[PDB]
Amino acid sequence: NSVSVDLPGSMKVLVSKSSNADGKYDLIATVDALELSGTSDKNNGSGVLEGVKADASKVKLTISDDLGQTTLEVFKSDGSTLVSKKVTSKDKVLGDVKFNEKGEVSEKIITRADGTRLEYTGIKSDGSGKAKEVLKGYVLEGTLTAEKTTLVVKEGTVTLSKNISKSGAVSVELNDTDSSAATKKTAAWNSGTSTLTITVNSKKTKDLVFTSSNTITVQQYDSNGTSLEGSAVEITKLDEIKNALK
């Protein structure tokens, strides 16, 4: 009979134990009560399965040859224009995409392997939109363009801008409208260490590290302004980021 194969994206497919006369394997899957079926020229669970929703929407599940990626698509009833696409890649990152009534990308939610998210909404034909980053304990809000995602935190006269380029590189900057030389914050970004160093009155006050684990840490400098003291503290709420900008 059949063998179960575990799939990325919390799905299972049943593959026939032997091939048919064309050398092909039968595939069966049930995705949220919808039965999908297909035929594959591989034996491991990869290939294409199809079904039809009760509202006549077409559904297709594509499993990559190495079982590393799954793509679950919903189309309009003639199967020609996309409604939604959910892609789990081999790093277990999830891409959740909605399309407008003409099947152009309208909304995209990226769920990282650690569960943090980038939520892109109201996406227009120039790739611009609204953006939100969902971190552990807090949320950052901003905009999207074809060039970058910019998430903004404001505290007093200080604006902190976290940039995620179209390819995923992070840069951070700080602007302060304060004109007093004694209290105005300025800042320098070190991309190599993903660290923003804040300075007040020609002395370093703190390092903000934007880590590869999608967290922010804050570490203070000593009263001189030249060396770090203590240890970095992980931000766990938006208030703590704002406090670092005071």
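When you see a residue number, it is the position in the sequence shown, counting from 1. Superpose the two forms; the largest set of C-alphas matching within 1.5 Å is the rigid core.
- Stretch 67-75 is the one, of 148-156 and 67-75, whose CA positions lie farther from the shown form in 5 other deposited structures of this protein once all structures are superposed by the rigid core.
- Root mean square Cα distance to the shown form, taken over structures and residues in 5 other deposited structures of this protein after a core fit, is higher for 198-206 when 198-206 and 54-62 are compared.
- In this crystal structure, the stretch out of 130-138 and 100-108 whose C-alpha atoms carry the higher mean B factor is 100-108.
- Between 116-124 and 172-180, the higher mean Cα B-factor belongs to 172-180.
- Among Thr159, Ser167, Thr71, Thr145, the highest C-alpha B-factor in the deposited entry belongs to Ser167.
- Ranking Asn43, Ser191, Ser37, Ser64 by Cα temperature factor from the entry places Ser191 first.
- Looking at the C-alpha B-factors along this chain, the one for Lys60 belongs to the lowest third.
- When the CA B factors of the chain's modelled residues are split into thirds, the value for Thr215 lands in the lowest one.
- The deposited CA B-factor of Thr150 belongs to the lowest third of values across its chain.
- Among the modelled residues of its chain, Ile198 has a C-alpha B-factor that falls in the lowest third according to the deposited record.
- Ranked within its chain, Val87 lands in the lowest third, by CA B factor from the PDB record.
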